[PDB]
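> Got a structure for you, questions after.
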Amino acid sequence: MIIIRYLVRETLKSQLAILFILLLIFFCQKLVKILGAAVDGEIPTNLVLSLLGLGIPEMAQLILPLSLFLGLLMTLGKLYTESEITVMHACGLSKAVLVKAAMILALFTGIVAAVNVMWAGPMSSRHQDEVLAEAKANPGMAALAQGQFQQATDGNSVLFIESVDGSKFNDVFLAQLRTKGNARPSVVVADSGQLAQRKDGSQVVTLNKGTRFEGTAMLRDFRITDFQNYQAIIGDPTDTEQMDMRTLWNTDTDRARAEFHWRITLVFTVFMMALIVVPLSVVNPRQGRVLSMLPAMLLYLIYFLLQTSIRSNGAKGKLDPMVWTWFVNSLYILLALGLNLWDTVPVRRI
Amino acid sequence: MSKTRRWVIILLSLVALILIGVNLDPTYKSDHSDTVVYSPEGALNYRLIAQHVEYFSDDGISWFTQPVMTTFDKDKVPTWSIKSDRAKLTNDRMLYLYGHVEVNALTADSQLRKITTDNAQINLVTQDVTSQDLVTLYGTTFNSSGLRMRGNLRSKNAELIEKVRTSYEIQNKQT
Amino acid sequence: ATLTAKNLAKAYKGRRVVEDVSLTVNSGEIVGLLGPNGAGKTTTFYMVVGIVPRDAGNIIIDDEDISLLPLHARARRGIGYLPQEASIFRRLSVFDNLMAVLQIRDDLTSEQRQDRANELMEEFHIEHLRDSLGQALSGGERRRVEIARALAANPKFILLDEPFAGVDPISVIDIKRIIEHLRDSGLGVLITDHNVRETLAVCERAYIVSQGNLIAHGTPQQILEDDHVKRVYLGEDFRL
Amino acid sequence: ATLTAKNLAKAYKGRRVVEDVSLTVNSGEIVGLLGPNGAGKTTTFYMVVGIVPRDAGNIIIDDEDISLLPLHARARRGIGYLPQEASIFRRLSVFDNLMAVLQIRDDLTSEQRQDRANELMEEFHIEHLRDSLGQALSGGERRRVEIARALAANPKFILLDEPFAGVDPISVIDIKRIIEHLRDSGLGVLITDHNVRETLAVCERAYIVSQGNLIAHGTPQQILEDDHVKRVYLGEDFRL
Amino acid sequence: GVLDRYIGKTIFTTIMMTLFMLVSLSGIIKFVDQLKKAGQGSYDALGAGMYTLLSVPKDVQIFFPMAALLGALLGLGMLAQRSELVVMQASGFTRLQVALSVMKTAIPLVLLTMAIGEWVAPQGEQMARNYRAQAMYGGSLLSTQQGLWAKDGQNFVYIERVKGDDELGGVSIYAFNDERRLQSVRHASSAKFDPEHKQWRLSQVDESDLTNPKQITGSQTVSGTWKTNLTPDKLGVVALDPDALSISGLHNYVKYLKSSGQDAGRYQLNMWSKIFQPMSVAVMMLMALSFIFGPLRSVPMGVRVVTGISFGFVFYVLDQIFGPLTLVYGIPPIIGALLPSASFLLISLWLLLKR
Ligand SMILES: [Cl-]
């Protein structure tokens, strides 16, 4: 009761500092993503602040298990180097107290991650969808329009521009790459071009006062069109899984099944990781700390990579997310018990 | 915790790395289009002026709003003018004409001066002009109302099929 | 009562460190375990404590096979260990230290724990440091707190690792006081240190090990007279 | 020829560790800088070495104020500093150690360097291991190599930081022979240490700091007889 | 010197080990990613291995500054941690002489990386791409079998197929005048290039004049000449175009783009960054030096390696960000390609003044 409170207070201080650092890192990453998508012409400084503060449950999803995991590593390492855990063991206390305190902290962080996943995730996603669907014309019109000479396998078409005066082209030239049964590639050329996307989801390209030259294979027949106002379809942070737990339970579609198992496994990861980290927290004076945490950090990274791959593949119909998600969890629980029991009386004799 | 761990970190980094490696309504709108269709040996076939044109690339179909087609001869002389309210252009160079289909004879040498119908089909390669609804052929001396029309602009001919009546102006057209 | 390590041996990645060290200790006496650097004194010490997994050898207490059980289980069968660094808990009171160690044994009630805490604090002159966090104590204070916390678990033997670690003599006479009090309390203390002068001055039965082999055993007066120990470790000009 | 500290003072975040500590050492004499743990002996020692800047005081060698000079500068002015940690160049031959230390001294030619290096190797009986790297030496061998390397910079005063750091009683006589040889070689050696017996047994003089504000300098018999250090530093009656 | 030689030896070994480790990680990742697409053509595990090996020079060129910072940090860390820089000061060898030893050993590294980025990295990557396109579709000329376009001044060309490097097929030339209205269309079946005349020779061609409406006078001839400013070198570049090529060839292609009339700011930026890369390597070593002699004086190995890895990561980030950020105000590309090196040098020099 006293030692368990000690371990909880110390691991909480560490976990709070690690959470602050992790927040700064993930804030930087999200700022990079938002400011990149904004100068592309999608949001101004009034939406930057909201979106930066609003995507913090997605950050929490990954950092809460991580903050508990790194906090337990760091704090148990600090009390191992300071000879405190050793004198606990010299006073008869075994790893039971450590894994108890671990599972208590796992409970706390699990309640917070569960509240996050159940309520704070979908609410913020719905608010983000409504805000992004509100102002869409001003985004599109803010198109940087800096694709000067850009042609590849993006619809198999060529686009060239001479000069750009900000969201406007000069001497625009569009060409096709499809032969289409021995015919001339479609060629169009105009003087003013504007790019506007995200109107419904597809990319739209609009030109003004252009000429379209088409024809057949080196026969003198030509189709010369003088078009006035041209609109074609030559071709980001939008949210789709913004449902409650009830709707996910009742949907039973591929996307919904994947998202639901992802949310549960994400709230389970707290307890699972806190259970694995307890016997992998001893540091060696030879390796130091960062090197002694390295296999445990690798387990954590491998676990999250599997889970993200399972979600991405299941929501597209490649696997059953339930089977693979809980098979991975089973294997990780077995590994936890394996390296949690090996240093005990029954398994030492074993 | 040095000896076997070397292989443990090896295998774990290997798995992480391979995991990172594995884890790593129209289509064509326009308006007021001036297309000039030329013959395969140069020269010129006709000119189509539309006020608004949509095109679906999925089906390869075009719709022309308020079309005006001026067809010429082999010597580049305005022979015919074809106005309509809408036009449907398919992929086989057959043009459908819906609403107020009115064919005027630009060149006064034609015998057929005006044609009025609601639905018409025109084969652009052969300049054929068919119609399955009520048509009216206006001539310099006559006008005939028929239930079907068949003709050709290149040949400057047209006739009516099913129920045909013919009127003249003071006396009849000599024939 | 009695602690025996018979035929104890160990080696590290092809270099032999311990080769048949048989150590016996009783209650109420002070036994030192000394030797030259790289002999195997600290290795066999830690192997008897239980931190190091044994390779060959038996360890028993009162005809109890104690060789394979963990350190916490050796402590529950009556073994105390005092490391060389500061083992006191820093962000806990001295009373919290004592109480947190008392509340592990199931042979005491909720009130006997408070009684044992207060008795200990009186025994080691800590009554005036009850609520003081452990990170703000002196040397002698922290040493007393740590040994009282080790006595709160009721051990049969106490194993000290490097008690005279960079200690001036004004505090060496206090650790001597402490050891003498622990010996007079009916407990068997096992010293492992380098300060051989004060060690043999306080120890009454000394063991010497070299290259994983026990050299000679007996009183310090008999140990200092042995020519082999004088030629292998100390020298001919050593005194107290 | 004459190293002298005057009114040495130092503070750390509004806390006074040493203030007004003044010790003096001359050639051909051993001077110990002793004191109770925390008294400020190692702080002033390091503040004479040059790694710890002074807040108040002066460090002089032969009418030269080295108070503001860093460790390289003051090492050029004939201040060799030998730490307790392994301070040998690993993965370098002993000869490369000496030569690295010599190529910085502009006082010798390309050949006199090698001459002095071989003289030092023959001097310290380390002629056996000339090609062995620093990563493959034993205790005494590495110690002798480190003393030769520290002499190769031509120091007027050798500052030993805790030279008796965990050494068997069979090797303390060797280290005392080496410090007597350095004293007899016209060097001033300034020994700070925690082991009091062996340091006072070889130091001709000794400054005993206490709370970093006072000292009691004198011969070993004059220090042992002083009651102030007999109580604060020593305790009751001491047995040399 | 000797201390110069010893510091140099340790820092060089540690930088080379760090660089081998980073290159092996990125290689295993690119190997798995490349094998993922080893279903088409006779592309096997051996071929994916070959594409990674041939692309190794590009990875070392990319991971050079990070590995420099990390290795310098670990080298001088092993020196400090083993209490040897203090001995160097205890023998009179000043810290400025240690900094100089590091800077002296920094010269072979910049030479090595320039040599590689000039002859080894671009050649290796181009050979890898060509080998991949040859094992999958029977040649990089057959990989661009989809007809592509190019621009020469007021003219455009469309190429249907590439038969080697000097023979092209299916060419169509849309020549526009100074007002986009005057046009001529010249089609051709086969093209040849002779450096003696420095021009193109087209066979079986036909031109169409569109100055006069209602006409379309088409002329047919057997042999024509095409005088354009593009070269099979430029054709290879426009096929490849990953902005990872020889600095000499990159300068030639920038001279081609400024003559043809495209925004060459991207190529200019990558050229300046590819030639500032060895200066970035030196900046990283200097920043490691400042760390050890400044903030990271007495920190354990873990702190140094994690601060190293984070600083290399933020250097890669700075480069990737300030790359395209040059086009926000259309500032010079050389300024943007220099900003990561300049900022990290400014941090490093700020830590060496400490005031
Ligand atoms: Cl030389």
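> For the protein assembly as shown, what is the calculated [θ] at 222 nm in deg cm²/dmol (nearest 500), taking -39500 (n - 2.57) for each run of four or more DSSP H residues and dividing by its residue count?
Only helices count here, giving -14000 deg cm²/dmol.
> Determine, for D:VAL196, B:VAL68, E:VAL87, the number of other Cβ atoms within 10 Å of each Cβ, and report the residues in order from fewest to most.
Fewest-to-most ranking of D:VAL196, B:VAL68, E:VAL87: B:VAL68, D:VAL196, E:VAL87.
> Between D:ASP106 and the same site in the other copies, what are the distances in nm, shortest first, taking label points 7 Å from Cα along the C-beta direction?
Relative to the other copies, D:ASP106 has label-point distances of 8.0 nm.
> So which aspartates and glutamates pass the test for A:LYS199, namely a Cα distance under 13 Å, with those fewer than 8 places away in the same chain ruled out?
Answer for A:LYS199, where 13 Å is the Cα cut-off: A:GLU42, A:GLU134, A:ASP236, B:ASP25, listed by chain and number.
> Grab the residue from chain D whose Cβ hugs the D-to-C rotation axis most tightly, plus its distance in whole angstrom.
Axis-proximal residue of D, distance in whole Å: D:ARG197, 4.
> Enumerate the amide H contacts of E:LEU182 below 5 Å, restricted to partners 5 or more residues apart or on another chain; note that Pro and chain-start residues carry no placed amide H.
E:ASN177
> Please identify every one of the trypsin sites (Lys or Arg not before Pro) in the range A:104-185 that sits in a loop by DSSP and has no more than 16 other beta carbons within 10 Å of its own beta carbon.
The qualifying sites are A:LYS136, A:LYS168, A:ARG178, A:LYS180.
> Using alpha carbons only, how many angstrom separate the centre of the range D:129-151 from the centre of the range A:127-166?
Centre-to-centre distance over Cα atoms comes out at 70 Å.
> In chain E, which longest range has no GluC sites (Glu not before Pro) that are both DSSP loop (not H, G, I, E or B) and surrounded by at most 10 other Cβ atoms within 10 Å?
E:1-178
> Using the structure shown, list the pairs from A:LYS95/C:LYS156; A:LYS13/E:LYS354; D:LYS156/D:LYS176; A:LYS78/C:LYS176; D:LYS6/D:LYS156; E:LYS36/E:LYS163 with a Cα-Cα distance above 25 Å, or answer none.
A:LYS13/E:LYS354; A:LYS78/C:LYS176; E:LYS36/E:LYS163
> Let me know the charge dipole size of the range A:155-232 about its Cα centre in debye, to the nearest 20, where only the beta-carbon of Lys, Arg (+1) and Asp, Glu (-1) is charged.
300 debye
> Quick one: helix E:3-35 against the long Cα principal axis of chain E, what's the angle to the nearest 10°, folded into 0 to 90?
It works out to around 40 degrees.
> May I pose another question? Is the shape of the range D:136-211 best called rounded, prolate or oblate, per the rule: a/c under 1.5 gives rounded, else a/b larger than b/c gives prolate, else oblate, with a ≥ b ≥ c the square roots of the Cα gyration tensor eigenvalues?
oblate
> Let me ask you something else. Any idea what the D:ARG90 label distances to the other copies are, label 7 Å down the Cα→Cβ vector, nm, shortest first?
Computed spacing set for this position: 2.7 nm.
> Moving on to the next point. Please go through the residue pairs A:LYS168/A:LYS209; E:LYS37/E:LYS234; D:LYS41/D:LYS230 and name each one whose alpha carbons sit more than 22 Å apart in this structure.
Result: E:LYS37/E:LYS234 exceed 22 Å.
> Here is a further query. Ranking A:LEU335, A:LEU301, A:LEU49, E:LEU289 by Cβ neighbours within 10 Å, fewest first, what do you get?
So the residues, fewest neighbours to most, are A:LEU49, A:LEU335, A:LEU301, E:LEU289.
> Given A:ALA190, E:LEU76, C:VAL48, which one lies farthest toward the positive end of the charge dipole of the protein assembly as shown, if we put +1 on the Cβ of every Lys and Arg and -1 on the Cβ of every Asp and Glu?
A:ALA190
> Assigning unit charges at the beta carbon (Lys, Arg +1; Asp, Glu -1) and nothing else, what dipole magnitude in debye, to the nearest 20, does the range E:154-228 show about its Cα centre?
Once rounded to the nearest 20, the dipole reads 160 debye.
> Taking Cα atoms, how many degrees apart are the long axis of helix C:169-184 and the longest axis of chain C, rounded to 10 and kept between 0 and 90?
Helix C:169-184 sits roughly 90 degrees off the main axis of chain C.
> Moving on. Choose one of A:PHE271, B:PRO26, C:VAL167: the residue whose Cα lies farthest towards the positive end of the charge dipole of the protein assembly as shown (beta-carbon charges +1 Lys, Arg; -1 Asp, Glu; about the Cα centre).
B:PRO26
> Hey, got the average number of other protein chain Cβ atoms within 10 angstrom for residues in C:149-156?
2
> Additional query: Give the separation of the Cα centroids, the range C:7-78 to the range D:191-240, in Å.
A separation of 39 Å, based on Cα centres.
> Another one. Considering only C-alpha atoms, what is the centroid distance from the range A:302-316 to the range B:97-136, in Å?
Rounded to whole Å, the Cα centres lie 65 Å apart.
> Let me ask something else about it. Taking the Cβ of each residue in E:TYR174, A:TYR332 as the centre, tally the other Cβ atoms inside 10 Å and list the residues starting with the fewest.
A:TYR332, E:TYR174
> If you put +1 on each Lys and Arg Cβ and -1 on each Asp and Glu Cβ, how big is the dipole of the protein assembly as shown around its Cα centre, in Debye rounded to 20?
Dipole size: approximately 2240 debye.
> Here's something else I'd like to know. Let me confirm the definition first: pairs of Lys residues in chain B, 8 or more apart or on different chains, C-alpha distance under 18 Å. How many are there?
Summing the qualifying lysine pairs gives 7.
> Same structure, new question: Where the label is 7 Å out from Cα toward Cβ, how close does C:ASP237 come to the same position in every other copy, in nm, shortest first?
When each copy's label point is compared with this one, the spacings are 2.5 nm.
> Peptide C:66-77: average number of partner chain Cβ atoms within 10 Å per residue?
Mean number of neighbouring Cβ atoms from other chains: 5.
> If you take each beta carbon of peptide E:145-153 and count the beta carbons of other chains within 10 angstrom, what is the mean?
Counting Cβ atoms of other protein chains within 10 Å of each residue's Cβ and averaging gives 5.
> Please identify every one of the GluC sites (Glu not before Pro) in the range C:104-167 that sits in a loop by DSSP and has no more than 16 other beta carbons within 10 Å of its own beta carbon.
The qualifying sites: there are none.
> Can you list the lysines whose alpha carbon is less than 25 Å from that of E:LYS30, not counting same-chain residues fewer than 8 positions off?
A:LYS33, A:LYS316, A:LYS318, E:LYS58, E:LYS274
> If you don't mind, another one. Could you point to the residue in C:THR109, C:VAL202, C:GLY212 farthest towards the positive end of chain C's charge dipole, with +1 and -1 charges on the Cβ of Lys/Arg and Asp/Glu respectively?
Result: C:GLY212, furthest along the dipole toward the positive end.
> Using DSSP to call loops (not H, G, I, E or B), can you name the GluC sites (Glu not before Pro) in the range D:158-232 whose Cβ has at most 13 other Cβ atoms within 10 angstrom?
Those that pass, being in a loop and sparsely packed, number zero.
All of the numbers you see were taken from the coordinates with simple rules; none came from a lab. Counting neighbours? That spans all protein chains shown, and the Cβs are built from the backbone with ideal geometry, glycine included.
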